[PDB]
Amino acid sequence: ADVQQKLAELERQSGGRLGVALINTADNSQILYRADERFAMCXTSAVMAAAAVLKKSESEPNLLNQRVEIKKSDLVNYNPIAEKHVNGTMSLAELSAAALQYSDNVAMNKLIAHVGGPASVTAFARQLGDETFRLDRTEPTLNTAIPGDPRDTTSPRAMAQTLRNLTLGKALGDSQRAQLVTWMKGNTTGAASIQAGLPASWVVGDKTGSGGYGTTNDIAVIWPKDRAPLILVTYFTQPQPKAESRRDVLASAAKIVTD
Ligand SMILES: [Cl-]
């Protein structure tokens, strides 16, 4: 009850709409706030795209070593890694790492295209038992995050359950699961988000997202010191189209649900 009041207070102070799902694997419990409402995933959908490539690689050895041409025509709105490789190739492993660790738009688009497009990423989610996730569009339009628009959305509950499956469960083979976890632990974009609300000693793998309407998201697997791991989804969106980022709200939510 106290946790619920604190999240409601945070939401009100923020002015926006907050969605939280924590799974605590110590006792199989959950903390949920708007956890069945839909939220625009923005960049956090990259976890599902990378996982789809990893699953495909279980039947195709050396898939991760396959080379992909990078061209000027591939550049999108934010391409911090791919812009260094224009006119050469990157491997699918390198693209996975760039998408997950640097929020690289081109890299996400190459993962999406490789597996067959947004409907194929969505069909993979369905195969895993996630009947809520939908990836409708490619980068950059998947981040528009217009209120009331169901495109490119999921719920906090569904994404927490799916992230648990991907990182701690058996969706992927052992090599592929370990690779996903290693990639997420190496993320560079999340230090102001969930990580900022947790003790410094805890280990985090996370993927952020951002978009229109000040949408600010993070999904994480967390290893607290000497505790069973947690899964935490924090999604946040705001009423104004040009609202500024609010990573501090995600940090605050993480602190509230883990204190
Ligand atoms: Cl600390």
Side-chain angles (χ1 to χ4, degrees), residues 23 25 41 43-68 70 79-82 84-85 88-118 120-130 133 135 139 154 159-191 193-195 202-209 217-224 228-233:
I23 298 168
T25 72
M41 290 181 283
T44 66
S45 58
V47 172
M48 195 76 74
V53 170
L54 284 168
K55 176 67 171 179
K56 193 170 178 289
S57 79
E58 294 179 18
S59 302
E60 292 182 53
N62 228 27
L63 184 58
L64 294 179
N65 285 334
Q66 186 178 303
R67 312 298 303 180
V68 180
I70 309 302
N79 330 287
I81 307 304
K84 305 183 211 178
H85 296 271
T89 65
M90 294 173 69
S91 69
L92 282 170
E94 287 171 331
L95 290 158
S96 295
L100 292 173
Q101 302 177 330
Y102 290 90
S103 294
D104 186 295
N105 290 174
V106 173
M108 171 61 154
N109 275 348
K110 293 305 185 184
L111 304 180
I112 291 172
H114 179 78
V115 302
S120 179
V121 178
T122 299
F124 170 68
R126 294 291 176 278
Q127 180 174 0
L128 297 183
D130 183 332
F133 175 100
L135 190 65
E139 300 283 2
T154 195
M159 194 66 247
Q161 290 287 351
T162 297
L163 189 63
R164 182 258 291 282
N165 190 16
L166 291 173
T167 60
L168 303 175
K170 296 159 181 60
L172 298 172
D174 285 0
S175 182
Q176 291 75 26
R177 179 179 65 180
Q179 182 64 84
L180 179 62
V181 167
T182 291
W183 281 332
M184 293 186 71
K185 281 167 52 168
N187 182 33
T188 75
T189 73
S193 300
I194 286 168
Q195 286 169 50
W202 295 14
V203 175
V204 174
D206 80 294
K207 177 76 197 79
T208 57
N217 297 333
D218 199 13
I219 69 177
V221 55
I222 301 161
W223 290 269
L230 313 174
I231 296 288
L232 178 58
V233 169

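Heads up: numbering here begins at 1 and tracks the sequence. Hydrogens, waters and symmetry mates play no part in the numbers below; they use all other heavy atoms, side chains included.
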To check you understand the geometry: which heavy-atom pair defines the closest contact between [X] and [Y], and what is its length?
X    : Y    : result
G173 : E58  : N-OE2, 2.8 Å
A98  : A107 : CB-CB, 3.9 Å
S103 : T189 : OG-CG2, 3.6 Å
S91  : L64  : CB-O, 3.5 Å
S59  : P61  : O-CD, 3.8 Å
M108 : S45  : CE-OG, 3.3 Å

Side-chain heavy atoms of [X] within contact of [Y], under 4.5 Å:
X    : Y    : value
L180 : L100 : yes
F133 : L128 : no
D206 : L232 : no
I70  : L95  : yes
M159 : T44  : no
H114 : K56  : yes

Nearest-0.5 Å distance, [atom1] of residue [X] to [atom2] of residue [Y]:
X    : Y    : atom1 : atom2 : answer
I219 : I231 : CD1   : CD1   : 8.5 Å
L166 : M48  : CG    : CE    : 6.0 Å
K170 : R177 : NZ    : CZ    : 6.5 Å
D130 : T154 : CG    : OG1   : 5.0 Å
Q176 : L63  : CD    : CG    : 10.0 Å
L135 : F124 : CG    : CZ    : 12.5 Å

Ignoring hydrogens and geometry, is there a side-chain-to-backbone donor-acceptor pair from [X] to [Y] under 3.5 Å?
X    : Y    : result
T208 : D218 : no
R164 : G169 : no
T25  : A228 : no
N187 : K207 : no
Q101 : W183 : yes
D104 : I81  : yes
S57  : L54  : yes
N109 : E139 : yes

Checklist entry - Pick from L111, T89, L92: which one makes a side-chain contact (heavy atoms from CB on, under 4.5 Å) with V68? => result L92
